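This report refers to the structure that appears directly beneath it.
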Amino acid sequence: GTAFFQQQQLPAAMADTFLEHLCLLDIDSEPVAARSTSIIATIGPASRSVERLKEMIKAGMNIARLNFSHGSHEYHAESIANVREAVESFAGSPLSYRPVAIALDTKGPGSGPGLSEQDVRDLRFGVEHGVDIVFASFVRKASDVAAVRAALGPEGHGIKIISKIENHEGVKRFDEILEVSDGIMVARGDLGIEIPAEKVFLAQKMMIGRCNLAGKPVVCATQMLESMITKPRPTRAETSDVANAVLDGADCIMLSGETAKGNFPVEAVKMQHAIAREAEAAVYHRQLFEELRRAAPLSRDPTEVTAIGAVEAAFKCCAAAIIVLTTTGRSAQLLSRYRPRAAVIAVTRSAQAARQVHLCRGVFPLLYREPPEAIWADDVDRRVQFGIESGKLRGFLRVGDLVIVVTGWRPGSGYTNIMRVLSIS
Amino acid sequence: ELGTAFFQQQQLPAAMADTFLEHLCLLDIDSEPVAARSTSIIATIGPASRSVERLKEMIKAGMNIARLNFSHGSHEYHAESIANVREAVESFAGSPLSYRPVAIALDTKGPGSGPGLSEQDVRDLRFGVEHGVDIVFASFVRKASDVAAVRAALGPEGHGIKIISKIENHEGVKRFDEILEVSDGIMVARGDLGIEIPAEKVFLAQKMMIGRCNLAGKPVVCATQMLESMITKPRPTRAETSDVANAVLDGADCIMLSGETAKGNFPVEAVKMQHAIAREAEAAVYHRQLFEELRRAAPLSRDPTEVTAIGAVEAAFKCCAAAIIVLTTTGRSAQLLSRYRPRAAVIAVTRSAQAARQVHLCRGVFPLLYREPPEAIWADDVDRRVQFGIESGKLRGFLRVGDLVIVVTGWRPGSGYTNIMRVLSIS
Amino acid sequence: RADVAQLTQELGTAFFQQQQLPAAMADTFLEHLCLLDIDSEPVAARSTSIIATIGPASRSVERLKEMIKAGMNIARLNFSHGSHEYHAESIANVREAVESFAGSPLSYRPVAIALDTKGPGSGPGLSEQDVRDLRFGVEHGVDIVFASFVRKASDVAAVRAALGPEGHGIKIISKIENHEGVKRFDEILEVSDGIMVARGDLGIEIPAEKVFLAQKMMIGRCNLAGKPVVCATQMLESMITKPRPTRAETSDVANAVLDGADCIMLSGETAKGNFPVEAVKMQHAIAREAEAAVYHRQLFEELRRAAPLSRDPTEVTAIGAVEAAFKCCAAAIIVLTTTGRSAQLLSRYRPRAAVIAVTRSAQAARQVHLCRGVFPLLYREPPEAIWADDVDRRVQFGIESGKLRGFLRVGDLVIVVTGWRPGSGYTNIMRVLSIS
Amino acid sequence: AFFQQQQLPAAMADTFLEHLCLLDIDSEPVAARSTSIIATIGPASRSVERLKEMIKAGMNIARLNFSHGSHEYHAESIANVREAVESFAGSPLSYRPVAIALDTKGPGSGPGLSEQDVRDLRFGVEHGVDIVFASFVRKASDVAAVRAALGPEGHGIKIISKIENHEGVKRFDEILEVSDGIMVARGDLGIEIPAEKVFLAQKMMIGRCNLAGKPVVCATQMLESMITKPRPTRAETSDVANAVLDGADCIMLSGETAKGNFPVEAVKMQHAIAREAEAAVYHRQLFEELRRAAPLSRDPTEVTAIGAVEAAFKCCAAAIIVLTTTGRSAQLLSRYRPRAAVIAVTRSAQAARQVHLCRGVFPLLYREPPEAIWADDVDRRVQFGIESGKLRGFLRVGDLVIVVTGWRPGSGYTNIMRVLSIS
Ligand SMILES: CN(C)c1ccc(S(=O)(=O)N2CCN(S(=O)(=O)c3ccc(O)c(O)c3)CC2)c2nonc12
Ligand SMILES: CN(C)c1ccc(S(=O)(=O)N2CCN(S(=O)(=O)c3ccc(O)c(O)c3)CC2)c2nonc12
Ligand SMILES: O=P(O)(O)OC[C@H]1O[C@](O)(COP(=O)(O)O)[C@@H](O)[C@@H]1O
Ligand SMILES: O=P(O)(O)OC[C@H]1O[C@](O)(COP(=O)(O)O)[C@@H](O)[C@@H]1O
Ligand SMILES: O=P(O)(O)OC[C@H]1O[C@](O)(COP(=O)(O)O)[C@@H](O)[C@@H]1O
Ligand SMILES: O=P(O)(O)OC[C@H]1O[C@](O)(COP(=O)(O)O)[C@@H](O)[C@@H]1O
Ligand SMILES: O=C([O-])C(=O)[O-]
Ligand SMILES: O=C([O-])C(=O)[O-]
Ligand SMILES: O=C([O-])C(=O)[O-]
Ligand SMILES: O=C([O-])C(=O)[O-]
Ligand SMILES: [K+]
Ligand SMILES: [K+]
Ligand SMILES: [K+]
Ligand SMILES: [K+]
Ligand SMILES: [Mg+2]
Ligand SMILES: [Mg+2]
Ligand SMILES: [Mg+2]
Ligand SMILES: [Mg+2]
């Protein structure tokens, strides 16, 4: 229908140049796709109550950040318990349950050369409390990431380490840091004090670009909606900043004081949700997909090969979604690196993977709770139907839509190799 | 994992270039072709190429389609030619490394002075149906109704025969779109075309028709005087080798030999020359731009076969896949893969002898006729044909242990349900 | 590398490390982003003009001199506040600060004066106060009118009529502040000299989360049309009270420049804030960084692909001159202009080279600040008897002022754009000159 | 009607595939033929009357094959060419200069320059030849030996290196660096390397020469069958069209004109095909790729050339009129493959003959009286290019032209591009 092609900036998406794409952007072309950039909300006195946390989950919070620069272990354990209580209050409806990751943001090295003794204690607390992600403060070199990894020990091998780049050395040694990290956070607060303020946008754009090229999550952080700490509406520079972080290629956008101590924590989440949805429809996928395809090296890994074939197939038919079965989240991450317009619905039995895939733009995790079927092919089909039923309930899919389904040839992580075109009935 | 030698062969330095100009600059006469020859060779059967022994040599040299020119000879003469082709083809049933299907094409005499289908073309088309020909090269197609007349003449039994319309005059060129729409493919019949329009304009008609056929995903044949001097000489001129290479680089699915094989002194050598040039020219194709342009020009599709095909070709390029193995009954799944011009060979596994012969019209499709009895469990039968394609691939040199192959199948039996693409590691 | 090797040996590796030149040579936009370097220092003069709103914090002659030195190019008078007497005093103080630097072209900086109207209010068209204020603008020789709440072409015809026969030279920049203005954008741009994305009202008239779409669409259409576009409101809002902006504010200024804005504006930051000079310095610092980060390879190709073929020799010369400037990494394009139009056509192709515009019109020298990358030089030397000698003298004046100001160096290549006969509209010549 | 001719619908296409789809056999070529025709002079084309017909048919360069015939035979050929060329000097606005190229016998089994090549090269200098087609060039030192044998009097002669064997192809870059241009000598090349690989060598060499901005000639068996038949084969017309589409500056005729029964018809056939093939060139991609690949430059002639070609495409300029002493300014314009004709106005007779090596350069030998004021003299040569262009069909009143001149007399000072309206 004609109406389909008038929505989600589809006239601007069909443009032959980026300049023409900009000219065709329409404030009346409503976004239809689900919001794909994750919202990280920092937990504090304004967002700690179980009832307030339920409102924030409904508004769109995907990751709960615990800032270990403030508060004791007792304070953070209570925050964790309140987050988990608010998250599990929706578990009664498995088709609409939304997993929420828990990220521990470290205090940092301070004047010392490497890992502080408080960071070692806080990291062990994170492992003991089952945190999903570590936002490692002031990472300056690859050995800083290795020290964080060693402090997590053998039980914390599954925790994702997102390195915070906050100073000149971190920016200069970026490639070596990204190589050993699971992702990056552009920590603009400290970065804007360590380097000239007028240069922070160059560091942000460079880091987002390099993370997109590497296929690793990148978080844009600090003062995105600062004025909303005390005011109900953000400034014109703030909405522009959020939209441009998404247009730059950020996987995640963050709220610090806006949710930790502000008067509008839920409204700050709703604002980031609204801007991100508008900005994602304004992404010029024609150039972005071509450039990601061109920049990506040849690969003999079947997951990587299946992912690009599936994204190409999704664009060919305007698939509403790519439904992927994943154990670690990796198959969903490799799909996400090609920035499909289709939602990546990731069906998993791992509660930790369902939480961690929020780091990857466009990945919508579904936690499947049923015990495995005796016949593995039936177990596989049941999970794909779970992804379809949740997708229909949430508005991702309708009858008549085409979906791309991504599976593997045997159970266990690392064997994704199949892509199939499916019609929604 | 593959080695530096792998990336020096088959013009891979030129293939990785960022511009077409740089691609040309990187072409290397020392970069040897490794991939199997993907552009089919059509050889016209005549007095110089009719004997069963000569036909065996032509099959070994690379002939994929045997052309019977109904402008010369009687039905009895052509039936004997057909029987000799089939005898030469079946002489390799004892060697899997050599049994290759060969299509039989009937080239019509034409309408002559008359308006539509001639009495003789009607009788000759009937002969083709009765003798089980795979393809009709319809002479002097001028409009869509000419194709409908040929199609109507393919009686109740011959609706599966492919109609390749020969464009040989100004009207055929001008009404090209309407002709291509109702035809299975096109032949740029340069002999008559070069007499009907100014000779210096034929290259424009050839390039335009090949481009439109590539955009439509329909077979296009480049024909006439490609290696003309080889009718009396053992080596072609510099213009002739250039012409064969440029037909492949233009986007032709097939290249043809007429007098060179029908009446010449070197029919086998003419086939060998076309084989050698096509292999070199296929490695020199600038896939980076070709794939992007085919992708961009092709419209969005809700047909799972079309969606699977582009996903599979994208996957093949990503891993330098040795091959795309496709299960096909009509050949359609192999044809949709072929339209995206993959560098990987498209190994088409079919139980249909006719589809095996007819897929020679599509560039890069290597048919394998499968004759094992069907399995009770369908998924087992699918696995069996996939493994058959892998093992013939290994036997013929297409594949080795450790290679990656893309596999295209459907979710249920019967034609029309292709929707699956898998990445398999060769064990 | 081979496409920049001889010039790398000639100019040196240090030349190609500065002004984001490694990012500028990238083959894709993604690679361009990856190559952005915080240590790659900007070298070129700031090309995006800064409009500063004059008010109690920025009205004194001494403060205005500091703002001109900080980088203010256009002084905005907001007619929503203050009397005609108040604005006439503001104008006189701006002119006094401007003329305090008039001893030489090396120190002189023309500053345009823009009148921002109160607006229609609840009424359908031009208010009686707007008619009076527009007549005040003509009488006080304002260069630009920022017309508030333009909703259709007839609104700009009414502003043009209220300016009368004496105000035909005044540039009308239409402020788009509501849904109707955005929807009827093409008809408004057609009859306007330029556009202002007035984000303050726009953010209240349409959903706040959609303002960035309106800004990017309007900047893109203005760039395609070759008309000035101003990005306005809350760019450095926090600097009204604080000496440093927030991370969203520096990002907003940089992104307005990267979007393609010709001008960036300061309202409360300079009119009533505690740090008006620091707000100007911050915009100057960010614009210089953002201009070097522009991906000229794609921008120039897209401006060429989107622009229709032209039989206007000024338009043909402009693209040839910009192409020539990119081929040799020209330090400047020196153009002779009566109305500013030849400099504007050069500016639409977004050259990396500075466009030094030599003119005798004081008004054109002020108004060309609306065009990104145009540096106006007001020529006051006595005329030559022979027209060809007079042209050559103005070209040499451009080169001398360029050299003494740091824009040009001995050894540089400069592109010179002139016409074949006197009078506006005859530009048709492009010359490649080596600086000695 | 303007946009229906010269494949302009195909020229406006957004992809090369769409460009091919839009090629129209009814879209007539209107631009003058840009690719020069080199015709080999022999028994079938030696008479002054025959040579006049070949000049009218389109011959731009006369090739003397020193593998056959004596010095007396070649001197007579040269004199007959010059007599046929000067028979048209009565109409200066339509006079066509014709270059004379000497094709050497070659080294044979020898390591360097043979004694016959030294004698033949000295003959060329003494008879004022414009170009040397140096046979079997295998390395840069082979070009240096040819250059030394030409001596101080043969400084101005262009050396076009013939690549005819494996070594020449492998050492191509070093050969091109010291040569004025290249000839893809397909006859010997097709015997020295496998025949099925010659097209790879041709396309690589044409591409590298286009990148370097140096003339490249496609040679041998282009219309071979026309030695005995009045019409060529379908492979032959395709070969001529593809050499032009590949980017060749010149196309050659050997036996077709030297000994064949239809030398004039062979020239007419190459002219007709080249005109059709030049209109089918996809300039949108070609200009962008040549523009992207041409390195950054601080040479004002180079900078003016790109500005002028960009300006010509922006206004659909009928021509770029350039003033040149050595031909260099016209060559730098030619390397960007403008659709506009490059009308090169020169006082040098040798430069007018030699610029035939550069595709799209139409030489005008200026023989009008000088003007006292240099500025007036320049403007007069510009009007001469405009009137010659008007007479020859190139230009009409109302057209736009780009004019490329310098700031002072003498070679090497081009730095000005101007947009001029015709009449
Ligand atoms: C995530 N990441 C790598 C990307 C972001 C945005 C894009 S994008 O949104 O497609 N876009 C961005 C800006 N331009 S531009 O060349 O600077 C230009 C061109 C014309 C103008 O008028 C203008 O103001 C600026 C490049 C393309 C991408 N494409 O590929 N990758 C893209
Ligand atoms: C199969 N069939 C449809 C096609 C053939 C070749 C190609 S192609 O190989 O990608 N194609 C070759 C011709 N050039 S060009 O513009 O003539 C050019 C440009 C720059 C130069 O320096 C030059 O000498 C020539 C465009 C690129 C195709 N692409 O899409 N479809 C293609
Ligand atoms: O993305 P990951 O972590 O590699 O997991 C993908 C895996 O999920 C599957 O699709 C299903 O596996 P399970 O039955 O063990 O859940 C596997 O075939 C595949 O290897
Ligand atoms: O190319 P075609 O004619 O559509 O055939 C493709 C068909 O082949 C298959 O892959 C295998 O089917 P069969 O077992 O019936 O041969 C189908 O699942 C698919 O529909
Ligand atoms: O940019 P504008 O307004 O068209 O003015 C450009 C004009 O300036 C000139 O270069 C010099 O003209 P003047 O001598 O009148 O100042 C003209 O040749 C040209 O037409
Ligand atoms: O192309 P070339 O050999 O460098 O010659 C270009 C030269 O021609 C001119 O335009 C005219 O010079 P002359 O008056 O000597 O003929 C010079 O200004 C310029 O330097
Ligand atoms: O730590 C942070 O998030 C910062 O400094 O921006
Ligand atoms: O019939 C043919 O093949 C022809 O005419 O070229
Ligand atoms: O009027 C203004 O400048 C605005 O609303 O931004
Ligand atoms: O000498 C030649 O021209 C050849 O060998 O082709
Ligand atoms: K912290
Ligand atoms: K026939
Ligand atoms: K106002
Ligand atoms: K010779
Ligand atoms: Mg910090
Ligand atoms: Mg025929
Ligand atoms: Mg307002
Ligand atoms: Mg030879």
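Proteins get letters first, then strands, A, B, ... in listed order; numbering begins at 1 in each. All values below were derived from every heavy atom in this structure, side-chain atoms included, with hydrogens, water molecules and symmetry-related copies excluded. Each ligand, and each atom within it, is numbered from 1 in the order the structure gives.
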Under a 3.5 Å distance rule, please check whether [X] uses its side chain to pair with a backbone N or O of [Y] as donor and acceptor.
| X | Y | answer |
| --- | --- | --- |
| B/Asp124 | B/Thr108 | no |
| B/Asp121 | B/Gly110 | yes |
| A/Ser163 | A/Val139 | no |
| A/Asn67 | A/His70 | no |
| A/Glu258 | A/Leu225 | yes |

* **Which N, O or S atom of B/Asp192 lies nearest to the Mg ion (ligand 16), by name** => OD2
* the Mg ion (ligand 16) is nearest to which N, O or S atom of B/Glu168? -> OE1
* Structure fact -> At under 4.0 Å between heavy atoms, what of A/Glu166 touches ligand 7? The answer is side chain
* Do the numbers put D/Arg46 on top of the ring of D/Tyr73, so that NZ or CZ is under 6.0 Å from the six-membered ring centre and no more than 45° off the axis? -> yes
* To do: Would you give the length of the straight line joining atom OG1 of B/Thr261 to atom CD1 of B/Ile45, rounded to the nearest 0.5 angstrom?
  => 6.0 Å
* Tell me which protein heavy atom sits closest to atom 6 (O) of ligand 7, plus the residue, atom name and distance to 0.1 Å. => A/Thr222 OG1, 2.5 Å
* Asked: Can you tell me which residue and heavy atom of the protein come closest to atom 1 (O) of ligand 7, and the distance to 0.1 Å?
  -> A/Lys164 NZ, 2.9 Å
* To do: Would you check, one step at a time, whether the test salt bridge (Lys or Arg N to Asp or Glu O under 4.0 Å) holds for D/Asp188 with D/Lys162?
  => CA-CA 10 Å; D/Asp188 278 297; D/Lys162 296 171 57 181; over 6 Å; no
* Polar proximity ligand 7 side, A/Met185 side, N/O cut 3.5 Å exclusive -> no
* Near A/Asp190, which atoms of ligand 7 are under 4.0 Å from a heavy atom of that residue? -> 4 (C), 5 (O), 6 (O)
* To do: Give the numbers and elements of all ligand 7 atoms closer than 4.0 Å to a heavy atom of A/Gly189.
  => 4 (C), 5 (O), 6 (O)
* Asked: What protein N/O/S atoms are found closer than 3.4 Å to the K ion (ligand 14)?
  -> D/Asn65 OD1, D/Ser67 OG, D/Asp103 OD1, D/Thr104 O
* To do: Compare every heavy atom of B/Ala247 with every heavy atom of B/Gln206, then report the nearest pair and how far apart it is.
  => NE2-CA, 4.0 Å
* Under the salt bridge (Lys or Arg N to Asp or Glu O under 4.0 Å) rule, what do B/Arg175 and B/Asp146 come out as? Steps first, then yes or no, please. => CA-CA 11 Å; B/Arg175 302 171 141 248; B/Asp146 284 350; over 6 Å; no
